[PDB]
Ligand SMILES: Nc1ncnc2c1ncn2[C@@H]1O[C@H](COP(=O)(O)OP(=O)(O)O)[C@@H](O)[C@H]1O
Ligand SMILES: Nc1ncnc2c1ncn2[C@@H]1O[C@H](COP(=O)(O)OP(=O)(O)O)[C@@H](O)[C@H]1O
Ligand code: BEF
Ligand code: BEF
Ligand SMILES: [Mg+2]
Ligand SMILES: [Mg+2]
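Residue numbers (this note's numbering), protein chains in the order written: chain A, -15 to 401; chain B, -15 to 401; chain C, 48 to 96.
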C-alpha cells in the first residue's frame, strides 16, 4: 500500500508487520530499508501497490517519486517513473503523483509506476491542459491572513505583534532579519501554529534547512502539515535538492490554485550552499561570494508571488546577521531589495530577556493598505505615530507590557480607546 | 503575423488559436513557447510571416530581433537576421526593424528575416544615409516638459512639486537620490502618467531593473507606452543586456529625431551588475568597486543629451542611499557630477507619513533659465527665497498643505498673489 | 504522439490502459537494451599486463 501509510508509525509496527510478512530480521536494517523490504514482500503477494510522491526529474528524462516523510530525498522507496509518463502528461517537478507501482525485478533499481491515478489531488486531465507557474501574472497581497490565535497565550502576542507591526497575507514575500540567539525558532513555531489554527484552509508547509536534528523532531511533530527538512547531515547538494523540490511543489500547488506558506530558516545557509555549488567565474565579490552565486537563490526567493487566476505562494525566509564576516551580510543586502516584506528582530533586546524583541521601526510592508481594512489602517498609522518618538527600549517595553495586559488585538484597539 | 499582435493578449487566446491551428497540447508548454509553435504552424500554412523587433548584434555579425513584450531578452521567437542585411543597411543595435520572416528548417534555430520593410517607422533609405548618435552635438534642455496633470489629484501634487522644485525638459539628465522606503515607486508612476497624459507627443519609455515581479506587472499595465523590465529573475548578464538594448533603442530613436524619456529605477543595482561583469584589474577601490567598473555605467548614463538636429534623450535614473555600505554611496558620488539634474527625496520625512517628501533644498537644475519663462522664473526665485530661511519640516508642511489647498501650479502662483 | 483520450470508461479506458502499458513496456525494454549495449561498447577491454 501507501508508503506514508507505513511511515506515519514508528519502526516497531514496521518490524511486526514484516514479521507478519515472514522475512529476514527487519530491525537490523534501517526503518526505511524495512519499508523497502516490506513493500517488496507485499508486491510478492501478487498485488499492485499504490504509491505516491512528488516528482524529481534528472537529465535522463525519467523521474523519481520522492516521499514526504523521507524529507524529499533519495531513498530505496523512491518510485521510478518511466519517461513515457513525461511524454504523455509531462509531469513537472513537484507534481504530487499517486498511482499503481510494481516491484523491481532483479538487476533493476526500485519500484516502477505503471499508471497515474491522481495528479495533485485532481484528475489527470487537468495536468496536461493547465496554465504554468512562471507563466502566471504576479500581484500583491489582496487577502489578509490574520495571525492572532484568540485565547490570549503568552506567545500568542508573538503573532499579535506581527498583526500590529506589519500584516502578512497571501502571495507576500517576507524576510526575517535576526542575529543568532534572538528567538526565531519559537517565533516561527507559534506563527505556524497560529496559521494552522486560525486559517486551516491554507496549506502549511514549514521548511527547515541545516539545523539541529532535535529541532527537526520538535518541528515535525508540533505543527499542522508536512514538515520536510534537511539538517547539516546532508551536504549542499541535498540542501539545494530539497529546496528546489519544495519550491517546485509549491509552484505546482499554486498552479492548481492553492495557497502555500513556506516558512524557511535560514536563507543565509541556503545562500552559502548555493555559493558552494556554483561554477567559478574566475572572480570573487566582496565577502567571498561568486558572481553568479546569487542567480538561483534569487530565483528561489522570487518564486513567491500572488496570482490573478488562483492560489498564492507566501515565503517567510529568515535572514541571519551578526555573523562576523561580510558574505552573509552581503546576502542580506541582496535580499532586502527583492522581497517586498521585511520583518526585523532584535538581539540587543533579547539578551535583556525581553521577548519578543521585534524591530518595530524597520519593520514594514509594501502596499500594506491591501492587507488591512480602512479604519484599522488609520488606527495602525496613529499607533505607529505614537510608537515612533519614544526610544527603542521605551517602545519595546510599552509593546510587551500593554499587549500582555491585553488578550486580543481588537480588544487592544478598544482598550487604547 | 506579428508576434506582439499575439502577445498583447493572454495565454488563453493563444491556446484557442493553437487549437485552431491543430497542434499538440499548447497549455503544457510556455506561452511564449506557444507563440513559437503557433508561428511555426502559421508558416507551415504557406505564407510569409511579418515580424518586428529591435536588433541585438553578437560577435559573429548576425543579429537577433528581440521583441518588446519579451522584455528585450532571449526567446524562441527572436528572429535571426543574416549578416547580409548588416552589410547592406548596417542596422545598429536598437533599430526597430519590421519585415518578412520564414520558418526555421530543421537543424536551424529560429525564424530568419528575409527582407526589411520598415526601419524605425521610416523608409529603409533613411537608415543608410543618416547622422549617428555619438556623432551628434549635445546641448541643454531648451523645451520645457510640464508635469502637472491639471485636474488636481492628490498625487498630482507629486508632479506639481517638481515643476515647483526644479523643472524637467527634453534632453535633460535627471537623478533621483532617495533611501529605501521613501516613495519612489508611486512618484515615477504618476510622473509617467503625467508625461503621457499632458505630453502624449513624446515617447514614454519606462524602465525597471531588479524589482518585484508584482511591481513589473503593476507598471506594465498602468502607464502609456512600452514597459521593458528585468527583475532579479535575471542575472547581471541579462541586466546589462536589457540596459544596453533599451539605451541603443533610445539612441536610434533620437537619431530619427524623436524624444525618449527613460525612467530607470534603480541606477545603483545597474552599477552593481556592471561591477559584477567587469574584468578584475588586480585592485579595488573604496567600498569594493573595481577601477574600470564605472566606465560603462558612465557611458550608459551620459547617453542622454539634447540634440541640435532633432530628438532628445532624457533619463531619470533613481539613486539609492542609506544602504549601510560604502560602494553604493560611491556610485551616487560618481553620479552627482555627471548628471546635470539632481532631485533628492526625503525618508526622514517619509517615515512621518508626510508625502511627498522631496528635498527642496538640494534639488536644482543647471541652466534652468531655459526650462521656464521669464516672470515664472522670477516668481520661482522669490518662492525659493521664501522657502529657504524656514526649517526642513516647516518648508515641507508648508509645501504639502498649501499645494493640496491649491489645484494647479499657475493657480498656486495666482493664490500666493 | 497522442495515446491520450478518455470516454466510455467501462471498456475504452481498460483497453487504452492496456495499450498504454504495452507501449511503456516496449519503450522501456528498448531503452534498456539501448543502455546495455551502450555500456557494453563503452566498457574498455583488457589488453595485456
Ligand atoms: N516569546 C518568548 N517568551 C519567552 N522566552 C522566549 C521567547 N522567545 C524566545 N525566548 C527565549 O529564547 C531562547 C531560545 O532562543 P532561540 O529561539 O533558539 O534563538 P533564535 O532567536 O536565534 O532562534 C529560549 O531559552 C527562550 O527562553
Ligand atoms: N505621494 C504619496 N502619497 C501617499 N503615500 C505615498 C506617496 N509616495 C509614497 N508614499 C508611500 O510610500 C510607500 C511606498 O514607498 P516606495 O516607493 O516603495 O519607497 P522607495 O522610495 O524606497 O521606492 C507607500 O506605502 C506609500 O504609502
Ligand atoms: F541562534 Be539562532 F538559531 F540563529
Ligand atoms: F526599496 Be526602495 F525601492 F528603494
Ligand atoms: Mg533559532
Ligand atoms: Mg521603489
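All C-beta atoms in this analysis are idealised placements derived from N, C-alpha and C, irrespective of residue type, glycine included.
Beta carbon proximity, residue i to chain A, threshold 8 Å
i                     : result
residue 224 (chain B) : no
residue 51 (chain C)  : yes
residue 9 (chain B)   : yes
residue 87 (chain C)  : no
residue 215 (chain B) : yes
residue 74 (chain C)  : yes
Residue i: CB within 7 Å of a non-hydrogen atom of ligand 5
i                     : result
residue 142 (chain A) : no
residue 169 (chain A) : yes
Identity of the residues DSSP links to residue i by a beta bridge
i                     : result
residue 209 (chain B) : DSSP lists no partner for residue 209 (chain B).
residue 96 (chain B)  : B:64 and B:86
residue 153 (chain A) : A:128
residue 142 (chain B) : Residue 142 (chain B) is not bridged to any residue.
residue 260 (chain A) : The partner list for residue 260 (chain A) (beta bridge, DSSP) is empty, contrary to what the question assumes.
residue 48 (chain B)  : B:40 and B:64
residue 122 (chain A) : A:291
residue 161 (chain A) : A:303 and A:328
Cβ-heavy atom distance, residue i to ligand 1, below 7 Å
i                     : result
residue 197 (chain A) : no
residue 165 (chain A) : yes
residue 138 (chain A) : yes
residue 162 (chain A) : yes
Below-8 Å beta-carbon distance, residue i vs any chain B residue
i                     : result
residue 391 (chain A) : no
residue 115 (chain A) : yes
residue 162 (chain A) : no
residue 404 (chain A) : Outside the displayed range of chain A (-15 to 401) lies residue 404 (chain A), so it cannot be described from this structure.
residue 328 (chain A) : no
residue 260 (chain A) : no
residue 77 (chain A)  : no
residue 60 (chain A)  : no
Alpha-carbon to alpha-carbon, residue j and residue i
i                     : j                     : result
residue 349 (chain B) : residue 355 (chain B) : 9 Å
residue 397 (chain A) : residue 154 (chain B) : 52 Å
residue 191 (chain A) : residue 213 (chain A) : 6 Å
residue 41 (chain B)  : residue 31 (chain B)  : 27 Å
residue 323 (chain B) : residue 218 (chain B) : 28 Å
residue -3 (chain A)  : residue 208 (chain A) : 23 Å
residue 289 (chain B) : residue 351 (chain B) : 14 Å
residue 17 (chain A)  : residue 273 (chain B) : 53 Å
residue 181 (chain A) : residue 395 (chain A) : 20 Å
residue -14 (chain A) : residue 118 (chain A) : 32 Å
residue 369 (chain A) : residue 338 (chain B) : 12 Å
Residue i beta carbon near ligand 3 (any heavy atom closer than 7 Å)
i                     : result
residue 304 (chain A) : yes
Residue i: CB within 7 Å of a non-hydrogen atom of ligand 6
i                     : result
residue 252 (chain B) : no
residue 312 (chain B) : no
residue 194 (chain B) : no
Min CB distance residue i to chain C below 8 Å
i                     : result
residue 99 (chain A)  : yes
residue 109 (chain A) : yes
residue 205 (chain A) : no
residue 72 (chain A)  : yes
residue 82 (chain A)  : no
residue 157 (chain A) : no
residue 93 (chain A)  : no
residue 112 (chain A) : yes
Minimum Cβ-Cβ distance from residue i to chain E less than 8 Å
i                     : result
residue 168 (chain B) : Included in the structure are the protein chains A, B and C, with no chain E among them.
Whole-number beta carbon distance between residue j and residue i, since they are thought to touch under 8 Å
i                     : j                     : result
residue 158 (chain A) : residue 325 (chain A) : 4 Å
residue 380 (chain A) : residue 333 (chain A) : 5 Å
residue 19 (chain A)  : residue -10 (chain A) : 5 Å
residue 141 (chain A) : residue 387 (chain A) : 5 Å
residue 39 (chain A)  : residue 77 (chain A)  : 6 Å
residue 315 (chain B) : residue 248 (chain B) : With a Cβ gap of about 13 Å, residue 315 (chain B) and residue 248 (chain B) do not count as contacting.
residue 230 (chain B) : residue 203 (chain B) : Going by Cβ atoms, the distance from residue 230 (chain B) to residue 203 (chain B) rounds to 14 Å, so no, they are not a contact pair.
Cβ-heavy atom distance, residue i to ligand 4, below 7 Å
i                    : result
residue 59 (chain B) : no
Residue i CB to nearest heavy atom of ligand 2 below 7 Å
i                     : result
residue 340 (chain B) : yes
residue 404 (chain A) : Nothing about residue 404 (chain A) can be reported from this structure: the residues present for chain A run from -15 to 401 only.
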